[PDB]
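Engineer: Got a structure for you, final_16.pdb, holding PDB, C-alpha atoms.
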ATOM      1  CA  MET A   1      44.298 134.248  47.154  1.00  0.00           C
ATOM      2  CA  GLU A   2      45.809 135.217  43.749  1.00  0.00           C
ATOM      3  CA  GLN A   3      45.134 132.132  41.540  1.00  0.00           C
ATOM      4  CA  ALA A   4      42.337 130.132  39.823  1.00  0.00           C
ATOM      5  CA  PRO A   5      40.576 128.008  42.550  1.00  0.00           C
ATOM      6  CA  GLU A   6      40.482 124.240  41.767  1.00  0.00           C
ATOM      7  CA  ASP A   7      37.192 123.622  43.720  1.00  0.00           C
ATOM      8  CA  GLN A   8      36.736 119.962  44.878  1.00  0.00           C
ATOM      9  CA  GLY A   9      39.924 118.768  43.093  1.00  0.00           C
ATOM     10  CA  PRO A  10      40.983 119.702  39.494  1.00  0.00           C
ATOM     11  CA  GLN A  11      37.667 121.026  38.065  1.00  0.00           C
ATOM     12  CA  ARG A  12      36.617 123.757  35.563  1.00  0.00           C
ATOM     13  CA  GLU A  13      35.407 127.237  36.675  1.00  0.00           C
ATOM     14  CA  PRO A  14      35.873 129.795  33.800  1.00  0.00           C
ATOM     15  CA  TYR A  15      33.983 132.630  35.649  1.00  0.00           C
ATOM     16  CA  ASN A  16      36.879 133.978  37.820  1.00  0.00           C
ATOM     17  CA  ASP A  17      38.971 137.023  36.890  1.00  0.00           C
ATOM     18  CA  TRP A  18      41.905 134.593  36.970  1.00  0.00           C
ATOM     19  CA  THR A  19      40.246 132.200  34.579  1.00  0.00           C
ATOM     20  CA  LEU A  20      38.965 135.135  32.553  1.00  0.00           C
ATOM     21  CA  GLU A  21      42.566 134.969  31.351  1.00  0.00           C
ATOM     22  CA  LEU A  22      43.070 131.240  31.717  1.00  0.00           C
ATOM     23  CA  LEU A  23      40.010 131.058  29.438  1.00  0.00           C
ATOM     24  CA  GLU A  24      42.015 133.122  26.974  1.00  0.00           C
ATOM     25  CA  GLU A  25      44.607 130.304  27.270  1.00  0.00           C
ATOM     26  CA  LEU A  26      42.115 127.490  26.952  1.00  0.00           C
ATOM     27  CA  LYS A  27      40.533 128.913  23.813  1.00  0.00           C
ATOM     28  CA  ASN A  28      44.034 129.688  22.554  1.00  0.00           C
ATOM     29  CA  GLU A  29      44.673 125.924  23.129  1.00  0.00           C
ATOM     30  CA  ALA A  30      41.497 125.224  21.118  1.00  0.00           C
ATOM     31  CA  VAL A  31      42.943 127.330  18.208  1.00  0.00           C
ATOM     32  CA  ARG A  32      46.589 126.036  18.312  1.00  0.00           C
ATOM     33  CA  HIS A  33      46.386 122.204  18.599  1.00  0.00           C
ATOM     34  CA  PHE A  34      42.866 122.150  17.071  1.00  0.00           C
ATOM     35  CA  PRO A  35      43.025 120.040  13.850  1.00  0.00           C
ATOM     36  CA  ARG A  36      41.840 116.867  15.591  1.00  0.00           C
ATOM     37  CA  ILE A  37      39.423 118.969  17.619  1.00  0.00           C
ATOM     38  CA  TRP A  38      37.782 119.117  14.158  1.00  0.00           C
ATOM     39  CA  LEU A  39      39.036 115.714  12.789  1.00  0.00           C
ATOM     40  CA  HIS A  40      38.848 113.215  15.720  1.00  0.00           C
ATOM     41  CA  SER A  41      35.848 115.211  16.995  1.00  0.00           C
ATOM     42  CA  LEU A  42      34.167 114.561  13.596  1.00  0.00           C
ATOM     43  CA  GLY A  43      35.794 111.122  13.471  1.00  0.00           C
ATOM     44  CA  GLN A  44      33.861 110.606  16.691  1.00  0.00           C
ATOM     45  CA  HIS A  45      30.652 112.313  15.379  1.00  0.00           C
ATOM     46  CA  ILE A  46      30.655 109.911  12.376  1.00  0.00           C
ATOM     47  CA  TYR A  47      31.650 106.675  14.090  1.00  0.00           C
ATOM     48  CA  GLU A  48      29.135 107.350  16.932  1.00  0.00           C
ATOM     49  CA  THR A  49      26.684 109.067  14.495  1.00  0.00           C
ATOM     50  CA  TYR A  50      25.935 105.767  12.643  1.00  0.00           C
ATOM     51  CA  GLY A  51      22.496 106.937  11.376  1.00  0.00           C
TER      52      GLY A  51
END
As structure tokens, please, write out the structure in this file.
Structural biologist:
Amino acid sequence: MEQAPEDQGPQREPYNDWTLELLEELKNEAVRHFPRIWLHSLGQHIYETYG
């Protein structure tokens, strides 16, 4: 074993020493292609957040 374990199919598990780094990737992903992680996320929390 020398890789991030899927665990019951493709499923998140950020705890591992592998994913300690793949977390680094994931957050990198969340600060690379992140405009609509602000804009469609808000677009969503406006549309859904009616009142």
Engineer: Here's the selection I'm unsure about, the PyMOL selection byres ((chain A and resi 5) around 12); applied to the file above, which residues does it give, as a list in words?
Structural biologist: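 Checking the PyMOL selection byres ((chain A and resi 5) around 12) against this file, the residues are residues 1, 2, 3, 4, 6, 7, 8, 9, 10, 11, 12, 13, 14, 15, 16, 17, 18, 19 and 22 of chain A.
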Engineer: Around region 10-24 of chain A, fit a box with edges along x, y and z, padding it by 4 Å on each side, then list its centre and edge lengths in Å to one decimal as lines of an AutoDock Vina configuration file.
Structural biologist:
center_x = 38.5
center_y = 128.4
center_z = 33.2
size_x = 17.1
size_y = 25.3
size_z = 20.5
Engineer: Provide the CA of residue 28 (chain A) to CA of residue 46 (chain A) distance in Å, to one decimal place.
Structural biologist: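 Taking CA of residue 28 (chain A) as the start and CA of residue 46 (chain A) as the end point, the length is 26.0 Å.
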Engineer: As an exercise, work out the distance from CA of residue 48 (chain A) to CA of residue 33 (chain A) in Å and give it to one decimal place.
Structural biologist: 22.8 Å
Engineer: When you draw a straight line from CA of residue 27 (chain A) to CA of residue 41 (chain A), how long is it in Å?
Structural biologist: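 Pair CA of residue 27 (chain A) / CA of residue 41 (chain A) returns 16.0 Å.
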